[PDB]
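Report on the structure given below.
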Amino acid sequence: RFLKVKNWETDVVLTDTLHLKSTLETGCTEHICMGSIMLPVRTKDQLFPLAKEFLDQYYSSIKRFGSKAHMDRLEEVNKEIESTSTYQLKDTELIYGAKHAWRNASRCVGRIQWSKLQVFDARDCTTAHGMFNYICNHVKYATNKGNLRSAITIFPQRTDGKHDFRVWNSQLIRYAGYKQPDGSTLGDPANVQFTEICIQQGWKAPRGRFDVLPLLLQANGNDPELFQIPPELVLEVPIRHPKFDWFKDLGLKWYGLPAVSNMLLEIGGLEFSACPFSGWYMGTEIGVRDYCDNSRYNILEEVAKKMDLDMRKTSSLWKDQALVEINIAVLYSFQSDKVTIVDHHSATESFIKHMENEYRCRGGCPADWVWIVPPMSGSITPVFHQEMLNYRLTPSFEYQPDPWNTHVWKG
Amino acid sequence: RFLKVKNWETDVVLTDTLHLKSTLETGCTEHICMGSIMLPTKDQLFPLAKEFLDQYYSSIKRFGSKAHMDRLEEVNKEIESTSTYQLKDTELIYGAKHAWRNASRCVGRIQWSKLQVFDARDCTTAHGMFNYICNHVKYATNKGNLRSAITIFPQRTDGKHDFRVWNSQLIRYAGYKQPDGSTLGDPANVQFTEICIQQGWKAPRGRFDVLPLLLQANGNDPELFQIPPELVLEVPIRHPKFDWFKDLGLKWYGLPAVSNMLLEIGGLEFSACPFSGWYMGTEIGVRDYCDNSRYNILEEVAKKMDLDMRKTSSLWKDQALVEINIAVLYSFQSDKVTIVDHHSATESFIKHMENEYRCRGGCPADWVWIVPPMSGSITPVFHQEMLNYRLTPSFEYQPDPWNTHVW
Ligand code: HEM
Ligand code: HEM
Ligand SMILES: Cc1cc(N)nc(CCc2cc(F)cc(CC[C@H]3CCCN3C)c2)c1
Ligand SMILES: Cc1cc(N)nc(CCc2cc(F)cc(CC[C@H]3CCCN3C)c2)c1
Ligand SMILES: C[C@H](O)[C@H](O)[C@H]1CNc2nc(N)[nH]c(=O)c2N1
Ligand SMILES: C[C@H](O)[C@H](O)[C@H]1CNc2nc(N)[nH]c(=O)c2N1
Ligand SMILES: [Zn+2]
C-alpha cells in the first residue's frame, strides 16, 4: 500500500511507502485522533526480535544485508542475549542508531542535519563525576566558541531498571526559577520544581533572574549529585534590539546551546536513559516560547509598554507586535555575537527540502505537523501548507518519567 | 477509554466521554496519524434516522415518550414506503445547529445555538434559489451587525436531482490569468472565474470583482445571477497609523458564507446549504491577503514600510503581516462591521470547550485548524490538547459540481 501527501501551496504530491516499516503505535484509532496530545524492565522474550530488526536495518544501510558479517553478528547477538539477557552495540551500530533516532524524530524541524551528528560514546562511564566530565566535554565541543556543532553523549544502557544512568536536568543549560512568598516567580517559571530539588540537594542559589542551574547527575542507579558547569563553558548572548535602544535595559540574555538531556534513546531494543543531545536554536524557541509564553518569562507586557502600544483592547494586536520585535531582537543578538541560530523561515524551508529528499531516497519522512509549524506566523512558512504523515520508527527518542518520581533513595 | 485533555498553560484537565458516541471514521489508525491531511439504500437509512431521532428526543427530555416512539414508527413507515423521509421543522433546526456544534475545525462554535435556519425545501428553480440566497445575504449582513444563518435547499433524492450552489462562497472575488504570466484578482478562483465566463458571465476584469452566483436546481444546468451590489457589504482597508495604506487599493467583503458543503442530518443529504457568520481577522489578513497562492501582497507592503527585505532573519514578513492584520481589524471595526480578532475568538473557544465538557461531556476539536495562522502560541488554544472525532449531524465536503454534472 502507498499513501500520498500534498503541499497545497505548490501542488507537489509525494508518495509514502515508509510507514509500512512502522511498528510502534501512534495513539490514534479509526474513531479518535490524538494528534494534539503532548504525551500519549524489558526481558529476553522480546529483545532478540528487536535486535534482529535493528541489525537488518543496519546491514541494509551498509549494503551488506545477508552477508557473512551480517549473519555472524545476528548469531553473536543471539548467544549474548540468551546467556547474558542483554547485548552490547558495536561502535558503528551505536553511531548509526543515534543518527537514525534523530532522523526518525517526527517532531523535529531541524532534521536536515541528522547525518552530521557527533556521537560521544560514554558507555565506559561509572560515576556521577565521570558523567560531569563527559558532559563538560560535550558542551565545550558542541559550543565551539559559538560555531555550534550537533552532538550526543551516550551513557550506559539500562539493565534491570534499578541501575539507571540519568541526567535529572531537562536540559544541560537552563535558568533557575524561584517561587517567591508573594506568589510571583523570579527567573524561569518552567524550572521552579527542578530548582527546588537542587536547593534541597544542597545548591546555594544566587537567586537571580538568570542563574545557570547546576548539573544533577545519577550514575548506575545511585543518588544524584550536584556539579556546577564551569561558567566559561556556558556561552550566553545579551539580548538587544537593532532599533530599540531601551531593549538592552530589560536585562535579558539567553544561553547559546539547546541541549536536551531527559529523553530516552532506544536502539535495537536497548534503552539509553541518559543521552544528552544538542544542536542550535531556532529563534522562536527563545523569542516566542521562552520569553512570551504566559507561563514563562512573559515579557510581552513590559515590551509593549516600552513600545507604547495600544494595550487596552487585544484587537490592536499589541501582543503580536511585541512578539515580532522580541524575535527580531533574539535573531539580531545571536547573529551579532556570531552564535549560530536559524530563523523560522529558513528552518521551515530547509525542512521542506529535507522532507522531499527523504520521500525520494527513503520512501517517506514521518512528521508531526502540530509540532513542525512554528509558533508564530504559521501560514507564511511553507510547512503550514504541507500535509504530513506521522508514525513512529525505531531507533527513536522517547519521553520518560522524571527520575525524582521513580527513584529509590539510598540516603 | 474515558479520555482526558490537558491545557498546558493552565493545568486545567477535562474528561471526554462524548467521543464514545462517535460513529464515522477519522482516517487515522494505530500505526499512522493523518491529523494534517486536508481531506480523507433503504437499509442504511433507518438506523441513521433512529440514531438522530433518539438524540433529538433526549435533548428535549422526551426520550422514551409516546411522542418519541410515535415519531420513530412514523419515520420507519415512511422509509419502507418512500425510500426516504422528511424532517419536521423542529428536527431540521436542531439538525443544523448540531452540525455546526459538531464541526471540529470551527473556532466560532460558541455561537452555535444562535443560528437562523431558513427552510428552503419548497424551492424548485435557480431563480427561486437566487431569491432565497438574496434574502439570506440581506438577513445575515444586517447593515454590518452580522447574524449567523443557514439556508437549506431540498435534500438529495437519487443524485440526479441535486441542488447545488457552484460557488465555494456566496461572495468571492474574481480571478483572471494574465497573458504576461501571473494572476489578477484572486488566484483561488481562477477556474471558477473561468467557468463563469465560460458559461456566459461578462467579467469587468478588475482586482475585486464580485463573482456572480451559479445556481443548480434539481440537477439542471446551472444559471448565472448577479447578487445586487447593495446586498454585498464591502470594507475598504486602511491602516490606523500608515496613511499610505489606503493607496494599496485593498478591500474585502463582510459576509463569509460557505456554499459548497454537504449537510448530513439523520442520514439525509442536503447538498445545497449555504451558511454564514462573521470573519476572524486572520482569515482575511493572514490567509486571503498573504498566502503565496493568493493575493500575496506581503512584498508590496514591506516595500512601502521600507523594511530590510534582504534576509529572512529580519522578520520583515512577520512585521508586515501584523500591520496588515491590525488594518483589517481597524477597517471592519471602523465601518461598524462585525469581526473578531484571533485572541478573542480563541479565548471564546476555550470558554466554549469548558462548557461543552461541562454540559455535554466533550467537544471534538481539530487543533491543526483551530490554532490561528499567526501568533499561534500566544493564543490559549495552542496549549490546549484537543480530541478530534466525527459526530453527526455534520457538514461534509463534497465533489465540485462541474466534475460531476451530467451537463
Ligand atoms: C540542529 C538544529 C536543531 C534545531 C533547529 C531543532 C529544532 C527543534 C524544534 C523547534 C523542536 C520542537 C520542540 C520544541 O519546540 O520544544 C524539536 C524537537 C525535537 N528535536 Fe530537534 N532541533 C535540532 C537538532 C536536534 C538534534 C541534534 C536532535 C537529536 C540528536 C534533535 C532531536 C529532537 C527531538 C527528538 C525532538 C522531539 C521532541 C519531542 O518529541 O517532544 N534535534 N527540534
Ligand atoms: C460566527 C462566527 C464564525 C467564525 C468566527 C468562524 C470561524 C471559522 C474558522 C477560522 C474556520 C477555519 C477554516 C478556515 O480557516 O478557512 C472555520 C471552519 C468551519 N466553520 Fe466556522 N466560523 C463561524 C461561523 C460558522 C457557522 C455559522 C457555521 C455553520 C453553520 C460554521 C461552520 C464551519 C465549518 C463546518 C468549518 C470547517 C470546514 C471543514 O471541515 O474544513 N462556522 N470556521
Ligand atoms: C537539540 C535541540 C535543538 C533545538 N533547537 N531545540 C531543542 C529543544 C526542543 C526539544 C527537543 C526535545 F527532544 C525535547 C524537548 C522537551 C521540551 C518539551 C517537553 C515539555 C515542554 N516542552 C514542550 C524539547 C533541542
Ligand atoms: C461561516 C464562516 C465563518 C467564518 N468566519 N469563516 C468561514 C470560512 C471558513 C471555512 C468554513 C468551511 F466550512 C469551509 C471552508 C472551505 C475552505 C477550504 C476548502 C479548501 C481550501 N480551504 C481550506 C472554509 C465560514
Ligand atoms: C496541510 C494542512 O493540513 C493545511 O495547510 C491546513 C492546515 N491548517 C489549516 N487551518 C485553517 N484554519 N485553515 C486551513 O486552510 C488550514 N490548512
Ligand atoms: C497541546 C499541544 O499539543 C501542545 O501545546 C504542543 C503544540 N505544538 C507544539 N509545537 C512545538 N514546537 N512545541 C511545543 O511545545 C508544542 N506544544
Ligand atoms: Zn491522528
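Computed over heavy atoms, backbone and side chain alike; hydrogens, waters and symmetry mates excluded. Just so we're on the same page: letters track the sequence lines, and every chain starts at 1.
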Under 3.5 Å side-chain donor-acceptor pair for B:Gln384 and B:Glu9 = no
Please report the C-alpha distance between B:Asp16 and B:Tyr357 in whole Å, then the side-chain angles of each, then the deciding distance to 0.1 Å, and finally whether the side chain to side chain contact (heavy atoms under 4.5 Å, CB included) criterion is met.
-> CA-CA 7 Å; B:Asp16 187 290; B:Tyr357 276 88; 3.0 Å; yes
Any donor-acceptor pair under 3.5 Å from A:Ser106 side chain to A:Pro366 backbone | no
Does any non-hydrogen side-chain atom of A:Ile152 lie less than 4.5 Å from one of A:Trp102?
-> no
Report the C-alpha distance between A:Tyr291 and A:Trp254 in whole Å, list the side-chain angles of each, state the deciding distance to 0.1 Å, and finish with yes or no for ring pair (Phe, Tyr, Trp, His ring centres under 6.0 Å).
-> CA-CA 10 Å; A:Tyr291 286 151; A:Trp254 206 249; 5.4 Å; yes
So do the side chains of A:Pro395 and A:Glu266 get within less than 4.5 Å of each other, counting heavy atoms only?
-> no
Of the options B:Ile326, B:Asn325, B:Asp318, which is the one that meets B:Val322 in a side-chain contact (heavy atoms from CB on, under 4.5 Å)?
-> B:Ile326
In plain terms, say whether A:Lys248 and A:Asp245 are close enough for a salt bridge, that is, a side-chain N and a carboxylate O under 4.0 Å apart.
-> yes
Go through A:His163 and A:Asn222 one step at a time and tell me if the side-chain hydrogen bond (donor to acceptor under 3.5 Å, both in side chains) criterion holds.
-> CA-CA 7 Å; A:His163 297 71; A:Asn222 298 318; over 6 Å; no
Measure from the side-chain N and O atoms of B:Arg105 to the backbone N and O of B:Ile370, and report whether any donor-acceptor pair falls under 3.5 Å.
-> no
Do B:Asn355 side-chain atoms and B:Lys351 backbone N/O form a donor-acceptor pair below 3.5 Å?
-> yes
CD/A:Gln113: more than 12 non-hydrogen atoms of other groups inside 6.0 Å = yes
Are any non-hydrogen side-chain atoms of B:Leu321 and A:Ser377 less than 4.5 angstrom apart?
-> yes
Beyond-backbone contact of B:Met374 with A:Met376, side-chain heavy atoms, under 4.5 angstrom | no
Among A:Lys145, A:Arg240, A:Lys253, salt bridge (charged side-chain N to carboxylate O under 4.0 Å, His left out) partner for A:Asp337 | A:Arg240
Taken to the nearest 0.5 Å, the spacing of A:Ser150 OG from A:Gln118 CD works out to 9.5 Å
Note: A:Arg166-A:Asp164 ion pair, threshold 4.0 Å (strictly below) | no
Nearest 0.5 Å please: distance from the CG atom of B:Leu3 over to the CG atom of B:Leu18.
-> 11.5 Å
Check whether any side-chain N or O of A:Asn191 sits under 3.5 Å from a backbone N or O of A:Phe194 as a donor-acceptor pair, and report yes or no.
-> no
Hey, could you give me the CG/CG distance between A:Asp211 and A:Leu186, rounded to the nearest 0.5 Å?
-> 7.5 Å
For A:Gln201, does the CD atom have more than 12 heavy-atom neighbours from other residues, nucleotides or ligands under 6.0 Å away?
-> yes
A:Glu285/A:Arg289 ion pair, N-O < 4.0 Å | no
Are any of the side-chain nitrogens in A:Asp188 or A:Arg296 under 4.0 Å away from the carboxylate oxygens of its partner?
-> yes
State whether the number of non-hydrogen atoms from other residues, nucleotides or ligands found under 6.0 Å of A:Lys204 atom NZ is greater than 12.
-> no
State plainly whether the residues A:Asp368 and A:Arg392 are in salt-bridge range, i.e. N to O under 4.0 Å.
-> no
Verify, without hydrogens or angle tests, whether A:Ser184 (side chain) and A:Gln180 (backbone) share a donor-acceptor contact under 3.5 angstrom.
-> no
Between A:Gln400 (side chain) and A:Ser273 (backbone), is there a donor-acceptor pair under 3.5 Å?
-> yes
Interatomic distance, A:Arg158 atom CZ to A:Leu265 atom CG [nearest 0.5 angstrom] | 12.0 Å
Does a side-chain heavy-atom distance below 4.5 Å link A:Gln321 with B:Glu323?
-> yes
List the steps and the verdict of salt bridge (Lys or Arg N to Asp or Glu O under 4.0 Å) for A:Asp310 and A:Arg312.
-> CA-CA 6 Å; A:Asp310 198 320; A:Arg312 287 193 260 89; 3.6 Å; yes
Please test A:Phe210 against A:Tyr297 for ring pair (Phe, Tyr, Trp, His ring centres under 6.0 Å), starting from the C-alpha separation and ending with a verdict.
-> CA-CA 11 Å; A:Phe210 301 115; A:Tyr297 277 78; 5.3 Å; yes
Contact check, side chains of A:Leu215 and A:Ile229, non-hydrogen atoms, under 4.5 Å | yes
Between the side chains of A:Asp121 and A:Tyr134, does any donor sit under 3.5 Å from an acceptor?
-> no
CG of A:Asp308: more than 12 outside heavy atoms within 6.0 angstrom?
-> no
Using modelled atom types only, decide if a donor and an acceptor are shared between the side chain of B:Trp367 and the backbone of B:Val381 within a distance under 3.5 Å.
-> yes
Donor-acceptor contact below 3.5 Å, side chain A:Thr143 vs main chain A:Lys140 | no
Step by step, work out the ring pair (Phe, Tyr, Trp, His ring centres under 6.0 Å) result for A:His138 and A:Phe277.
-> CA-CA 9 Å; A:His138 174 143; A:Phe277 54 83; 9.0 Å; no
Using distance alone, with no hydrogens and no angle criterion, decide if A:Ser346 and A:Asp343 have a side-chain donor and acceptor under 3.5 Å apart.
-> no
Ring-face cation contact, A:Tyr255 with A:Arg174, 6.0 Å cut, 45° max = no
Where the side chain of A:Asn294 meets the backbone of B:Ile378, is there a donor-acceptor pair that is under 3.5 Å apart?
-> no
Do B:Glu354 and B:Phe349 come close enough that some side-chain heavy atom pair is under 4.5 Å?
-> no
List the steps, then state whether side chain to side chain contact (heavy atoms under 4.5 Å, CB included) holds for A:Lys319 with A:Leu309.
-> CA-CA 9 Å; A:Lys319 262 183 190 183; A:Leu309 294 182; over 6 Å; no
Give, for atom CG of A:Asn147 and atom CZ of A:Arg149, the distance between the pair rounded to the nearest 0.5 Å.
-> 7.5 Å
Does the salt bridge (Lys or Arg N to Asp or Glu O under 4.0 Å) test come out yes or no for B:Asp11 and B:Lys6, once each step is laid out?
-> CA-CA 6 Å; B:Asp11 284 325; B:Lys6 189 166 194 260; 2.6 Å; yes
Are A:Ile135 and A:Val167 close enough, and set up right, to give a side chain to side chain contact (heavy atoms under 4.5 Å, CB included), and what steps lead you there?
-> CA-CA 10 Å; A:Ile135 289 165; A:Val167 180; 4.3 Å; yes
Can you check whether A:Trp168's main-chain N or O pairs, donor with acceptor, with A:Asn262's side chain at less than 3.5 Å?
-> no
Quick one: does B:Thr346's side chain get under 4.5 Å of B:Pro372's, heavy atoms only?
-> yes
Pair A:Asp160 + A:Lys162: basic N to acidic O under 4.0 Å = no
Report the relative orientation of the aromatic rings in A:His241 and A:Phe244; use parallel for angles under 30°, tilted for 30 to 60°, perpendicular for over 60°.
-> parallel
Crowding at NZ, A:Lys313 (>12 non-hydrogen neighbours, <6.0 Å) = yes
To the nearest 0.5 Å, tell me how far A:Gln335 CD sits from A:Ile341 CD1.
-> 7.5 Å
